[PDB]
Every structure is written in C-alpha cells, then in structure tokens.
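Provided herewith is a single structure, encoded as structure tokens, for subsequent inquiry.
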Amino acid sequence: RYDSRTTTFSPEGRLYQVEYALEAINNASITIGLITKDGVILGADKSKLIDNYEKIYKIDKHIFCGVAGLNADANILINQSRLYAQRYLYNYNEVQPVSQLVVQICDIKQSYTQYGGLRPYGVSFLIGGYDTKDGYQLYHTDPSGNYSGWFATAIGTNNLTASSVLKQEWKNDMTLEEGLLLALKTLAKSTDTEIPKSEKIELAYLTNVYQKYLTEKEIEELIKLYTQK
Amino acid sequence: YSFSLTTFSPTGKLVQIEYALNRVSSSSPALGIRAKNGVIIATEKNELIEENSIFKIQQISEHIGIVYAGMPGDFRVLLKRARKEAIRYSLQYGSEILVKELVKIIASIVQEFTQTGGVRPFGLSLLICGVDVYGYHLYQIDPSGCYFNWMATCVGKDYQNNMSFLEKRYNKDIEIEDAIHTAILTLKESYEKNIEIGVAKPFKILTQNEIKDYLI
Amino acid sequence: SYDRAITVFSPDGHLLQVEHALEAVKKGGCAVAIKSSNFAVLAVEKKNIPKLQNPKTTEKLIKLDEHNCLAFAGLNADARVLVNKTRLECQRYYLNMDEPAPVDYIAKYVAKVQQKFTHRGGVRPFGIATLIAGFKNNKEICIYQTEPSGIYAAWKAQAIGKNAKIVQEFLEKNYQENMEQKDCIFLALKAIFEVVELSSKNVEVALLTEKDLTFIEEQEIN
Amino acid sequence: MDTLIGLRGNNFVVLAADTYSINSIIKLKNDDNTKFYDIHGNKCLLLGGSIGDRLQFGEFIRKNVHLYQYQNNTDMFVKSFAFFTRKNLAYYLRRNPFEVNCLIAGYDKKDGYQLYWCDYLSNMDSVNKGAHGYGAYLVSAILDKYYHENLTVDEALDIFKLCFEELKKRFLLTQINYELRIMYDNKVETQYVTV
Amino acid sequence: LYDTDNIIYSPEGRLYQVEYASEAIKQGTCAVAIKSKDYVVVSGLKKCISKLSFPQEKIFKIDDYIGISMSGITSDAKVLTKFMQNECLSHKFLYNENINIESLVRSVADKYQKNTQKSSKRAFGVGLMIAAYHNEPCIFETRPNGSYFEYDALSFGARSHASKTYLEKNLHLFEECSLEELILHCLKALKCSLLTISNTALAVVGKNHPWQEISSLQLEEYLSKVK
Amino acid sequence: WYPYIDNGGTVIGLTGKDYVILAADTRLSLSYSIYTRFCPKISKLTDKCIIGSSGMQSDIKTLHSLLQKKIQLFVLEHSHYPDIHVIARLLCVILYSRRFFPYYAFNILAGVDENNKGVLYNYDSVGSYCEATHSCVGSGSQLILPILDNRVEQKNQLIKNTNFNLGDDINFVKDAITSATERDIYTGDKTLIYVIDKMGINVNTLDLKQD
Amino acid sequence: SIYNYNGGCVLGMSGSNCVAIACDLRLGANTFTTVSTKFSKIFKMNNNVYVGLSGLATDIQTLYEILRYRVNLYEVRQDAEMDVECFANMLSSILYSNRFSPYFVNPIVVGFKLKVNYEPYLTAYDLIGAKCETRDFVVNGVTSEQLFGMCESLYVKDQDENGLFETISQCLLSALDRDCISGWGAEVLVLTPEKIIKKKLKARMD
Amino acid sequence: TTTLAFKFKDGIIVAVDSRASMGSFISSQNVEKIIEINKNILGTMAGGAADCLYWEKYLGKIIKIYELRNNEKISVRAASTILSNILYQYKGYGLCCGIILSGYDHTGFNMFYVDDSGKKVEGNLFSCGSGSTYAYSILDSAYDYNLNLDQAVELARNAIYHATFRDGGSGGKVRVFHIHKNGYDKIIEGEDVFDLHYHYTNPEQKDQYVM
Amino acid sequence: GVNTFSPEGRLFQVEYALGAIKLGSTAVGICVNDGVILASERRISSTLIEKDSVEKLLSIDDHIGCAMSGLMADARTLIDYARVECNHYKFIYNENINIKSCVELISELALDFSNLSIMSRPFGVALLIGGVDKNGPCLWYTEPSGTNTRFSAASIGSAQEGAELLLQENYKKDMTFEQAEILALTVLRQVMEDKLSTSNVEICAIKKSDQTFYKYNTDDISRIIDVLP
C-alpha cells in the first residue's frame, strides 16, 4: 500500500518516473556542448560566499562530462563512470572508447527503470571525449538510458533557445576560439541577457589528449573577445 | 519489500528531500567561517542536562571537525560513519584523509538514502571544516547528498538573515579571531553557555572559559 | 517492487502491462523486413535533427552475429539491453554448440527472454518489438517477428512500429514472392515510405546475404 | 611437444605450428585444427599445450573477442586482444588453470604488425621472433641468426623452412607437417609445409 | 480493509483471509469418514464436469495405513499430499517403523499455520480428513487456520449437513458395527448429501488391513445393498 | 581414518526361462571376527524384484532403504509399480550420484519382468552395470563365477546339455554356495535363497558350515 | 625458485635534487632461456612517482595494472597527483591483502616528495608489503646481493644527475655481470624536478 | 576394451569388443559398448564404464530435449562439443572416458573422438582402449576409402580380432554396426573371437598356434 | 495481491486467468481404443505469415502431444518445461512417462506462483494433452485453476462450448480411428468460420500400435476431407 511502483508502465507505454525526472532536468541549469576541429567544448551556467566546478567533471584523461539535473545523482554516476573507464583500461590495456563508456553508464541508468522498485537517476549528461577510432565525440544521455550523438546540443533550462542559436551559428570549420565564442553566445542567449557575466560560466575543452578548465580570468578574456565582435 | 520511499513528484521534485530540508531549516543554527589562516565552526544550543554530553561539534580526525543542523540521531550515525571512512582511508594510504574526499564519500552515503528502498533521507545538514596540504576547507552537505564548497555559511533557522550578516561582514584576509568574533556576532543575531566553537594545528573545540574570554 | 509482481491478470483476463508495452512499440519508428530466395532487406525509419545530431550514432539495424541481424521498434534503451543479451546468447550458443546460432533459435531466445520479463516479479516488460533476419541450419533464410508479450512468428514480409497496419496491408498486395535484390530493395522502400516523409534522411536500408550484412550507400536511396 | 613459431617484420607476421594431434604414444592426427584460432579483424591466437585446454581457452577467448567486436561494432586492437588474453590466462592461473602456451599475432593501423609471446604462466611480452614447445630450443637461435627487421615475407618463409628442417633432423620428434599463417598486405594466408 | 492482507486482524479479532480460505472448503464435494473399533471407512463424491469427463479423484493414499480425502482447492491438496507422503517415507527410511499419526497430523498443521503468518503467503485453501490405523482407527481433520481435531465421525464438503445429521443420528452404532454395516452406514450418509460405481469413491483401513480402495464389483454390490 | 570396511559375504544370481534365483549368505564379519551369523543381505524391492549386495554393510543397508523409499514414492506418484528395468536404471543413477564418494557395495538386481522372463542385472560400486544370466558379488565372486560359466555356458565342452529346470538350478546354486563357503573364509553360516517366478517370491534357508 | 623463472633486478638511488631508477631488460623462461630483451621493469605512475617491479612476469603485469587502476582513480577523484608516500602505503596494503596467495613481486617505489622542495623518496618491499624505506638506495630482484654490494661500496651522497647516473649505471652493470638469469640490457631513468633522462646502457647480452 | 570407428565410401563402420574386467579378473564378456545417442549418432565406451555410460545417456537426454525444442536433428559436432564441455567441467575428479561419436547429419558423415581430458579431435579413423594401438596398426595397413560394405566389415572384424588377440583387456565378442544415411544396422550383433582365431590364424587346428 | 482470496473462497488471479483461455483458435481431442487424435484450427491472421511457423499442436515427448489455448507465449513455456521434465523422467527411469504424471507436473508448475512450499502469476493457458502410455491412449485437460481432468473427448478455444456439445452428441466408445478423424474434422468444420481446407487445420495422432507422435501432412488432411460428409 506504501509502494509507488516506480518501474511500471503507464497506460500510454510511458514511464511516469522517467517523465518526471526529465522535467526535473529541464528545470536544471543549462549546459551546452559543441565540436570544433581543435576539440570539444562544454559551457554551463552555475550566494556570494560560495568558494568549484559543479556542472563539468572529468571522467578520464580523454573523457569529461557536463551535468544537468540532480547534483548528487550526477556525482554517483560520475564516480561510476570513472570506475568503468578505469576498469576498461585495466581489462584491455587501452583507453575506453567514448561510446562504450556512454553505453555502460546509460545501461546503469536504464536498469533503474527496468529492475527493482527504486527511482531512476534524475540526471542527464553531455559526455565529450576523444578516441582514435571516432575522433571527437559528444553524446547526450537522458534519464531512461537512451543516448544520442551530436555535433552540438544543449541540456537544461531553455535548451530550445540554445539549440536554435547553436544550429544557426554552429559550422563545421570553426576553430577552438570561434567555438568558445559561440559557446559564450549561446550561454548568453539562453539566459535572455545581452552580455554574459563571467561568474556564471563554466567553460572547458578537450583537445589532442588534454583538458582545459577555464578559470575566471580566461573567461573574462573570452568575454572581451566576444564583446568586440 | 525494498522500494524507494523517496519518489519523483509530477513536477520533478523529490518531496521527501524537500521535507528533510524543511526539517533542517527548522533546526538550531550552526555556521562556519573560513579564515585566511584557519576555519571555525560555531553553533548555538535547563539546569539538568550535562553540557559535555550533547556537543554538536565533533572531531572527525586530528585535522577534521564536523557540526550539524537537524536530527541528533542521524548525526550520530553519520559521524560514526565518517570516522569509519577516515580510518579506512588512513589504513589504505597511511595519511589523514583529505577533506574533499571525505566530503565526497559522506555525500555518496547520504545520497544512497534518497534512492535505496525502505529508507528515509537523513534529516540533517553538515558543515565539515578541515585542513590538508591544500589549505583550509569548509564544506556543506545537504540532505539530498550534494556538497557545496564555502568560504562561510549558516545552515539552521533564520539562515537567510545570518547569511546576509556573514556576507556583509566577510573578508578573505581575516585572522582567526576576527572570524571568531564575526561568528559570535552572527550567532547572537540568530539568538557563553549557548555557544560551541571549533577551530583549526589539530582540530580543537574551545573551552567554555575561552569562549567567554571571546565574548568580552 | 523488488519482488512485487508487475504484470497481473485484469478482471477481463488481460495482462495490461503487455498492452502498455505494445503501446510503447506503437510509439516507436517504423521498420520493414522482406525475405527473398537467399537474402533479406531491412529498411528502418530514422529521425534526426539536421546539422546537430550525428546520424551515425543511432543504429536500429543491428548485426547480432556473423549471420543474424536485427531491427526493433519501441524503447531504444530497452532495445539496446535486449540486443546485448541476444549477442551474448549467440556467442554462448556458438561456444557450447560449436555452430553459429540459427535465426530461429535466436528469435526463440528473444521471445523467451521477453516472456520471462513478462512473468517474473520485480521486472518491467520490454517495450520493444523486433524483426530478426538470418539463416537456418539448412542455410535457408528466415525472418521472425517477436512481440513484447513474448509471442513470435515467422513471416515473408513484415512491418513493425508506428502505422504498422498500413505497411502490412501494402506489403500484402505487393510482395511478389521471389524478387531481385534491386527491386526487392525498392519494394522495401516504397512500402516504408507510405508512412514516413519521403526523404533519404528518413530511412536506412540494409541487405543481408550469406556473406554479410551490407548497408546500402545513400546514392542508391537517392 | 606443440612447437609454435612466430615471426614479425615491418610488413608481415607469420605464425607456424606442427599439425600433430597426440594421444599418449600415438598421433591421433597428422593434420590438427586446434592450435590456430583466427579472430575476425586479422587476429590470430596460436595455442599449444593439451588439446582440451587448447580448445577451452582458445574458444573462450575467440567468442569473447567476437562478442566485443559485435557489441561495439569495431575491431579490437591487437594489443588490446593480446592483453585481454594474458589477463584471462592470469585470472585462471590460480584456479583450474589452462596449461597453454600462446602466440598472439595481428595487424593494426595503430601499431602495425604485432607478435606477442605468452607462456602458460601468462608471462607475456611483445617480440619480433618467438617460439613455444621443446622445438623452441632448436629454432629460436635460427630465428635470431637469420632475422632482420626488413625481411620480405618470402625470406621469412625460407627461414621457417630452415626451422622445419632443423626440427626434422635434430628434434627427437621428427615433425614433418606444419601449418603457417601469413598476415601481410591486408590478407591472411594459410600454408601447409611438409618435410 | 481488513480482508486485504493475510497478516491483518479485524477489530472483531478475526482473520478474514483465513476464513475465506476456509470458505473455499464449502464448495468441495461431500466426503464422509467413520470408524468402529477396528476400521475407518472413507466415502466421497467424485466431481463430474461433463458427460465426456472422467470423475475427479477424491481420496488419496498417504501410507500403508494412512489415507486422506480433500475438500477445496486441489493444487494445495496435491502439495499437502506430496508433503505427507514424503514425510511418511522419510520416517520409514530414517527409522524402521511407521510414523505416529498424531505426529504427521501435527506437522501438517504446522505447515498450515506457517502460511498464515506471512504477507507474501496465503493459507492452504483445502480441508483434509486423514484416516489411518495407528494401534487404533483414527480420523483427523485439518483446517486452513492451522487447527486440527480428532473425530469419531466426520464429514465435510458441499451439503454435508445431511451427512452430518445422519451421522449424529447413527454415531452410537458405529463403534459396535461390523465392517459391512460400517461401509453401508458411510454410504448412506454420503447418499443423504445428494451413487454409481463412477461418481463414488470408497476406501477402508484398519487392523491388519492396509489402506485399500474398494473394488468396482464390491462397490456395485454394496450400492445394491444400500438399495 | 579410512571410511571403508568390507563385511564379506556372497550373493549369487542365476536366471532361467521364467524364474530367477538369488542366494546370499548371512554372515557379517570384520577382519577375522564375526559380528553375527545372520545379517540378511537380500532386500525385497517389489513382488517381482529383489536386490542383493555385498560390501560394507551400512552402505548396503542405506542403499537398500533408499531404493525402497524411492520405489514406494514412485508407486504413490505414478500409480504403478516400476519394472525391474526401471528399477535398474534408477539404481544406476542412484549409485552414480555418489560417483566420487561411492557406496562400497556391489549389487545384483534380480527379478521377473512384465514378459515373465528372469532378469539379472549386476552392478559395481560406481554404477556401471549389465544384464546377465548368472552373476556373483562378494568375497566368493571370483571363486563362483567360473562355476556358473562352466555350468550355464559350456563354452569349452562339445557335448552340451541345455535343458535345465528350477529344481536343478536350485541344487546347482546350493552346490555353488557350498563351494564358496568351503573356500572363502568370509562366506558361511545360513544362506537365504529367493526364487522369483510368476507366483512371486519364495524364500528358503540352507545351513552352511559355521567355521 | 619462483623468482628464478624470469629473473630481473631493479635498483633505485638518490642524489641532490635528483633520483634514479634502473632495471634490467631481460624476460626469461625456465630460468635459462632468454625470450625477450625489451622487457622493461620500470613503470611510471606519475611525474613524481615511479615503480620498479621484479619477480614473476605475470605478477609484475597484474600488479602494474592494479596500481595504475588505483592511481588513476585517486587522481581523477582528487583532480591532483597522488603523493609518493601515499602511493607507497597503498602499494604495501595491496601487497598485504594477498599475504597468503601473493603476487611474487618485489617492488621498489622511487620519486619525489613535494613540500617547492623536491625531496627524493625511495622504498623497497617484500612480496607482502614490508616497508624498507631508505634515503640512499633500494634494491630488489634476484641480483639483490650483488646490488647491495655495489650500493654499499660505490654510493656517494649528494651527487648531481650526471654523477648519480654514472654511479647507478656502474652499480647495476657490475652486479648484472655476475648474474646468469638477469641482464640483456639495462634501462636507467634519472628524474629531476624539471626533466627526466632515459638511457639504455651498452651491456653484455650473454 | 577396444573400440574403433572409420569412415568409408558407404558411411561409417563402428566396431567394438564386449569385455569388462576389474583388474585381472574378467567380470563380463557380453558388454554393449556401442550406445545409441539418437537415431543417427552412435557412441563407444572405453575406460570408465560407469562414467561413459552415465554421461552418454545424459548426452542422449540433452540431445532429445534439443531436438524437441528446435524441431531439428542435432549434428555430431554439436553433440561432441556438448559432451566435451560437460566432461571438462569435471576436470581433475578422475573421470576416465574415451568415446567416439560417429553419426550422420546435414553436413554428412561425421566422427569425433572425445576423452575425459576435454579432447574433441575430429577425424575419419579412430580407436580407443587398451587395444587401440593394434587396431590402428591393422586399420592403417589396409584402410581404403572406397571399400565396399562387406570389405569394410571384414577389415573392422579383423582389426578387432587382432586387438583382442594381442591385448589382455580386450576380447569377448566383436560387434560391428554400420551407420548410413537412415540410421544404423547391426551387421555383426556379436561373434565370439574364439572362432575368429581358428579362422584367421590357426585354421588347420592341428597344433597350438605359436606367436 | 496475487495470493489474495475472495470472500467466496476463490483466488482472484486464477479466476481472471479463466477468461484468457477462452481466446485463441479452437482445438479438439478425441481418445479411442486405437489412439488419441488432436486437431486444431488455424486462424491465419495474414497471407504474409509462414503458416507452419505458428504451431498449436506440439509434442511434449515422442508419445505425448498437446493442443494449446490462451496466451501462446505462456503455453510455450509450459510445453518447454513439460519436455524437459519428461526427458528427465526418461533418463532417470528409462521408460516413457505416464501421461497423467506429465499433466500433474505441468499443473504443479502452473500454480508455482502461490509459493505455498519462480513464476509471478498464473499462466493463463489451457492444455489438451493427449498421449499413449502402458495404460493405452488417454487425453487430459489442464486449466489455470490447476485442476486436471481426464476426458474421453474434449475441446478448447473460442468455440469450446459448441465443439464440446458436438463431441458429446457424436462420441461413442466403440469408434474406429478413421471415425475418430472424421468426427474431429466434422466438429472442427462446424466450429471454425474460415472454410475448412487442407491448409487451415493441423491434425496429430498418437496411435496405440506405435505410440508415436505423428503430425498429419497435406495428403492425409485432403484424404479426410475426401471422406467427409
């Protein structure tokens, strides 16, 4: 009588828990990603006494992830993803391809929607990475274990406006700096602000592998550049 | 028999976590202030109860201390668990557990109770203050299992006003004692027998005489 | 619901969870499979947002093992999990039997797995329907369709997913038994395009032969 | 008693093994088919030891690798394949171990032609020329003397003929039938050398 | 709201699920058991669900000197029958003697009671009458609630009120009745509930007479004697 | 601690056209001492099938009790008595179930099948078995099997007499058990002879030497 | 005798602001057949932590994989490099978790403790993680006696990177030339706070 | 025990002896060593009689279930793989099985040699048992693929004879089955080798044959 | 719950399962001294199916056949369990299992969801299991309630009532095997709506002479149609 039946089908072939988790993520802060020739980009918008990346996390030397949704579930899944990457390296003596890690983490996501009586993870990921077989890859993963591959996408609040801006501006032959400027422009557009503030920005990029996590001053420099244009 | 009692609401919220947050917000005030050379955690508490037996501030390890706002029993359980995890890290690596890693492990343990079946979330919020080779850290752990990195914060009743007070009196380059005075002022705004303070040397909890010496 | 029964009998005798898994299958994209003398053609619908979604990431036309291929309609994550289980069973058979898994054996294994998930406590039914094409031990080609309930049946030409009834009715009037590869592919395409918007980006068609499964280059689709 | 030979060049890799299946003091067969295990993707696992252990370990490895290559829809790298094989051999080293000697050969675009020598203890290393079995004691030196990194495949096969001749003349088991895998120019060839 | 779970009590201090399991016993076919100083005779009505049907088995042999009749759900009856048969055989294997009848009945009652205390389980929906000869003709009745009793005569199933009344009228004869008259008494009790060789089952057990079903010709002549 | 002792004693089986004879001694002994002068080795399984085993007595008794338990359970479950062949496969499986800690008991399963022909299955400890027209297990088996081969087969005699009757077979079995008692220290005391034919099982006793 | 199957030897030494880790390059079989000569026994955990594993080859590889797994997990979770002393403690605990069925490996840990001040850190181990932390040199492998003689007679305190390279290479080569089952090439790594020098010595290959 | 099988123009010839012995004592000379797995596949028994019998009947059970499930006849390769995989799960427990699975499937006539060690050697001429060496020698000296059914039967009979003649553990009766496209036939149900010695080697029968 | 009694003393779940067996194609089973014959209709859903891939008549063993009604996915699981158990009996005892024993095994499996002493619900299947054992030919009926009833002649499926009525009308003990076939197909013709044809029905027979499961081909069905009134 106290059981909620989290792993049951709704009358429409829909899972109510998965839909509500999707809603919760849609109410999360916006995270974006796009592919350049130089590498992958992930942008994200974060009281004055807060000291501290809370949207972008490193999974492996060649994989990193932007988060949307519940932060604690995101931390659990990030830890488990790091575990999978390291176990792949342990088993095969080679780095794990990005798609394989995405499939493993999404399987863990989905088993919570098929097995047991627990709730799903209320988190969605933008997994960016580089491997030799498939070059640079960006993946979107939703709470139900479905995933998709993208050249540029957005998650979180107002993802439609960011998606429209990305589609209108994202080219194939854009360099790292142009990609970063586009990322800042999308972050500003989705906030409905003419200028993006340099305290609500989380930018990082992965290139061939090395990852840069931009400090506030480098963000300020990128803001100056974006403002000149 | 094992099924989640914490479930997504139709709007995407975890109402049990929101209710635990309400409970913590209706709890006694605690706060922390990270100084340039140290970090302090302070808290506020009938002629019969022994004071020494109900200290909210506790010691996780020689350089790590913890305070809470919420349910005392949950705090006792989580304190024993945090001590266990610190000792496990010490056995593994031969050094004191780093503050951030302890915060992550306890955050994972707290999040587990928001998803596993047949358990309610922890009805407490934690402030963990510690020193490691990478400086002084002051972290807050929520009932949800998320951990924030702070320079200063308050986690109990009327904590909006206390947060505003700390904001209007916080400077990074502050001695330990300037921070201790600011903390006492903040607690007196929320409100020597009513004050418990711990400071980071190995983590230390101020004696009643010392606290009164600060109240002058 | 660790061990709570999810699929139960309704007062009328129905297993509502299976009808809901059927609804999940109906929500999915259309796929079509057509059998010939010694080869098959599988054409599935694809829908991606142009210029932003990588079109190579999603593969609903799945190779299972050396000789057997699969297509599905329904929930994608459930489909991936069931496909991985099927691949594991194909290799387990080829290890214990020393012979590759025949199409009928694989289809029966998928059907029994779906039935099991429909008949165990603490598990949700798979909301996916599959078309599995392959070769039997006698080297004969066969196409099987498995449903969420766990029922399976062999077909000459079958369509699954959204608007499957219309594609079935079309294929009934058009499937002229043995057909050449080119026009068999054309039939597999003009049947699926009766429901999906006419565009080379709204379909992927592959062909299974005794040698291997080959995806058709987009020039021919154009 | 299962002689295995492996040779690696800049543009080829050749595996070789006698084709005897033995049972006690009798040859069950003079054309074995349980030592070589071709793995899709220009990979090959040449196992020596006991027929039961060879079959079990080789087929376990082969089906796991094919399962990997089907689930991921990609070819496993030869180095990943070799280290997966060594890992699996080491896992069972202390629990019902397979007493099998292994040569792993392959070709990749990432590391070129690749040869790996692994013993029943699962001591594995990449080599340019390796041997397994008692016959090793009579062929390794030959491979050392006549090898250079720029050998053509035909010169490698002549060196293999030298090895087979020494195995016929000096090795106590007058082994005369051999099977060779030749991976080069993207193609994998099977050859049978008698005497 | 109190009949929903197996482990709940009503305000009246009643278990409604167990009482429903017992109500499942009223719709079984009538069976009757009676005893004299040496024998127990069990007679039951076989259910017939169509003309082309073969009559349902009504009595079962548990051991050389132990048999049973059932009323209620048949699958639960088969489970209990297998339990009892394996118990008697395990006793005869471990030791070299027949099982004490009270012990077997008490173990069956334990099996009944166990199911009543857990939510995941439901009570056995069948009532069993056990007829045996362990130094004496003995009739036991088990119930879903885990309680069992010992009877001089017993009947249960559909319309056992007529069989009851007949047995209560004739109880004082059974002790001093002979085997043939005891059989005829049980058959007349069974007839009150309404017999042919097909729709009636009849077995006897007693002193130096292992559990044995009455043959077809014997049943025919006995039914003629009833007429 | 070695968990196996051999209690001695012999069982001899012999089949005819429609009858089977199983004669076993009853002495129970340990090393050079006698536990007792009467411990039956032959058990009745059904009215047309018996089993007689030699080896370690406790194993034999447990095996026989388990066979009887399983046969009665089979009767109660499938509502018919098993044939001797069904019992034979059942006992083979029961024996092989302990393949790695085997019963120290060699067995002879004698009976009359549905077609009223004498059937004799001989078993070793781990389950291997075969049908036979004459068998012998126990200490005296190596002494007695040639006698049975010389009388029932006559492979090495040109002039052969084949017409045998039940009385002749019973007297021959008595002579064979007498010889076993004469030459085997572990064979002696009273012997029980079971004769199975259409009418069922008949048990007779014969006294043998007591030394 | 298990260690005689593959042979091998590892040698760590320290100087002034520099440290050195050297190993032999042989992989043998059945104690006398040299099957490889490129089998390096030195593995890099991070810029400031190196390990040298000697003993059974399979155990060396398994332990290296386990150590890499643990170190990569630690570093990613902390966003910082593992401290050398913490790595040594972790290696000891990993070794002792298998006390009764151990990895037949005799590792040495070499590197720099960071305080910036780069203090050389060395420590030897047995197969069950018995600490042998030392400030001058550490030895493991079958050539342990010869190596102890070399580092006893020839070790000089506070040598620059060139002096340390010369001393360690001479010690290793002289010890190896008296060992049947170890040799066939020598690898030497000299770490300083800014750069690492890797050299392959010209040694006997007999 | 001496079992052999060889593939020839008209199918497969399977031949066996029938002796089971316990050390130096011949316990039986009427053992059936050619076990029917299914209607088309035959197996032989060499080594542990209990192990071979139990595991070949178990393989028959698995095969019957498989055929019922998949509405198809299993191949010799698949059955041999199943048997080898099952026998490998018991590696180290002392199972002693030498079996030759020979049959006809959709891929033709097949013959596999499987022993308890896990072997699965495929071939067209095999022999198992203490007399396997003599059988191999005789078969190799005169094996031809285009032998007629009669010629193949004679060759198999002579090889079995010679093995029994030189080998202590082989003898009894020679049984020869012929596997063809439609099952198998008992060409020689059983022939005592006593006659075969005085047919092949000492036909004049006027003095002892000298080896 | 699944294990809940009703106030009348009947389990709700098996009661609901009773409505499921009423669906599906109709089968008829007739037992005569010479053997047992099971004949089933096939309501072919479309012309694109391979008619013989859908099977209503299966062989639990060489001497046992079964006609299936209700949820076919559940029925296949039941028949597979029956096959495994019958082969296990054959291996342990080296004889063909009695038909009633097989039906009782099927029944004990069918009610395994109760957990009195693992499936989660009742099977919702009706089995018409015929065979020939030492007792001769026999025919049994099993339903989700777990009660198994021996029948001289019986019918199952959508037109169960009509087929049963006809079989009662036209069945007598003294019947030849050919008369059994003729009667089975007469009832089948009268019940099905699709006109009877050589491709519309399955006929399987287990005869006392050989006790072997024989599935009819097109020639035999055409013969019986040629003999029909």
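Lettered A, B, C, D, E, F, G, H and I in written order, each chain numbered from 1.
Assume a residue touches a chain if its C-beta (ideal position, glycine included) is under 8 Å from a C-beta of that chain, and two chains touch if they have at least 3 such contacts.
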Both-way neighbours, i.e. chains that touch subunit I and touch subunit H: C, F
Innermost chain by mean C-alpha position: C
Of D-H and C-I, whichever chain pair has more C-beta contact pairs: C-I
Length of the line joining the C-alpha centres of subunit F and subunit H, rounded to whole Å: 31
Where subunit B and subunit I are represented by their mean Cα positions, the distance between them in whole Å: 70
Separation of mean Cα positions, subunit H and subunit C [Å, integer]: 47
Sequence positions of subunit B contacting 2 or more other chains: 2-3, 104, 117
Shared-contact residues (touching 2 or more other chains) in subunit F: 93
Multi-partner residues of subunit C (each touching 2 or more other chains): 1-2, 4, 6, 84, 98
Touching chain combinations (by label order): A-B, A-C, A-D, A-G, B-C, B-G, C-D, C-H, C-I, D-G, D-H, E-F, E-I, F-H, F-I, H-I
Subunit G residues touching subunit B - in the complex, by the definition given at the top: 77-78, 80, 83, 85-86, 88-90, 92-93
Interface residues, subunit B side, partner subunit G - complex: 91-95, 98, 100-101, 104, 133-134
Footprint of subunit I on subunit E - complex, ascending: 3-6, 16-17, 20-27, 49-54, 56, 72-76, 78-79, 83, 115, 120-122, 124-125
Subunit A-touching residues of subunit G, taken from the complex the two chains share: 65-66, 68-69, 72-73, 76-77, 79
Of all residues in subunit D, those that touch subunit C in their complex: 59-60, 63-64, 66-67, 70-71, 73
